[PDB]
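Structure in structure tokens, see below.
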Amino acid sequence: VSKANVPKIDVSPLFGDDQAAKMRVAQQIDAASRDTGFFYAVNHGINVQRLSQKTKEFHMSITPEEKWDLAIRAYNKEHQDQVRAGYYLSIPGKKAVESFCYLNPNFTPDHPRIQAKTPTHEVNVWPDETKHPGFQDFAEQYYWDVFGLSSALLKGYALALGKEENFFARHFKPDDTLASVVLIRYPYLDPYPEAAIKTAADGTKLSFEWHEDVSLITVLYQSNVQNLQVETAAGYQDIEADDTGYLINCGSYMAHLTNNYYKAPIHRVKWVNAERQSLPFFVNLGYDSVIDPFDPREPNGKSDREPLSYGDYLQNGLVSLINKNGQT
Ligand SMILES: CC1(C)S[C@@H]2[C@H](NC(=O)CCC[C@H](N)C(=O)O)C(=O)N2[C@H]1C(=O)O
Ligand SMILES: [Fe+2]
């Protein structure tokens, strides 16, 4: 198996005001997006050691009782309002992965989209503060930390494409973003349940089959265990791990907007029997956000693709991903 070219890009100029230095970052984002589709963001400023520590304490200390009380409706029929936010249980001897998903902390009962019961909007559920002291506080602050990094990255992508730096970021707002954090535990198990291992057409043992992300971009922290592969014309290539940087890739909304100039890379997760973390932030816009598609390859930039509102894209995309690769 070949190893993928995944450059490390110092993103710190995107937080400053040296415009030429921003353009040089933008050029590297362009190059990576038109090659394998992945890069690592370094010099991001986020304390990822604390992220990993706090996430481990939560996963290792939560009990079955608490998991039922937080479960999404796939696992608890009482919770008809929890389609996205909450706990995604493992099934001993059958499904190894488990995860906790939370949304914009500004989604409260006061919020007008919650009042209106608009699809894909939900109010977060949290464990009891006395059993997990400080967890909710940490997780809400992490949301805004990685929101900040993602805003900067979106300025980078706008400049890469020849647009003003707020082209994408103007639609990525704290009052209405549909972005999500998912805290995924991949356990060590001995014996490892055979039902939790898929075999690929090429013979590779997999935890999660091929997919495109439902996002604009995906901002991923993982612990230092190699697992991801990206599809190329010549076959799948391994992405090297780096537990100090963020792994960045486009989702299928970016491929729509750019007439596939920036593809959403197809990627998959190899089976590895090791205790590890996978912590994505899916950069999603607002429910009514629409960007006119364009084609960077043409001088006029005109594209025959139809504009698509983000909320419709997301509702369809989240269901399709379940039907294709299973309930996570
Ligand atoms: C490869 C990934 C990073 S991405 C892939 C898979 N992704 C999803 O199911 C999308 C979750 C969306 C979330 N509930 C929401 O409402 O926004 C997952 O989990 N996987 C991760 C993994 O297994 O590491
Ligand atoms: Fe993915």
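We number chain A the same way Swiss-Prot does; the residues here are 4-331, in that order.
Header entry for method reads X-ray crystallography, 1.6 Å.
Backbone N, Cα and C define each Cβ position, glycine as well.
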Which one of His135, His259, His270 goes with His214, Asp216 at the Fe(2+) site, as Swiss-Prot has it?
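Looking through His135, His259, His270, the residue Swiss-Prot assigns to the Fe(2+) site is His270.
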Could you check which of the recorded positions (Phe211, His214, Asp216, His270) sits closest to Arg87 (isopenicillin N binding site), going Cα to Cα?
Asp216
Long-range neighbours only, meaning 6 or more apart in sequence with Cβ under 8 Å: which ones does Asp216 (Fe(2+) binding site) have?
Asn252, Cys253, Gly254, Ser255, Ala267, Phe285
Distance check, please: Cα of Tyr189 (isopenicillin N binding site) against Cα of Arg279 (2-oxoglutarate binding site), rounded to an integer number of angstrom.
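Cα-Cα distance, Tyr189 (isopenicillin N binding site) to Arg279 (2-oxoglutarate binding site): 5 Å.
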Can you tell me how many other Cβ atoms are located within 10 Å of the Cβ belonging to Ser281 (isopenicillin N binding site)?
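Its Cβ has 22 other Cβ atoms within 10 Å.
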Around the Fe(2+) site formed by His214, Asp216, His270, which additional residues qualify by having Cβ within 8 Å of the site's Cβ center?
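Nearby residues not in the site list: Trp213, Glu215, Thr221, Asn252, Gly254, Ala267, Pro268, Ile269, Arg271.
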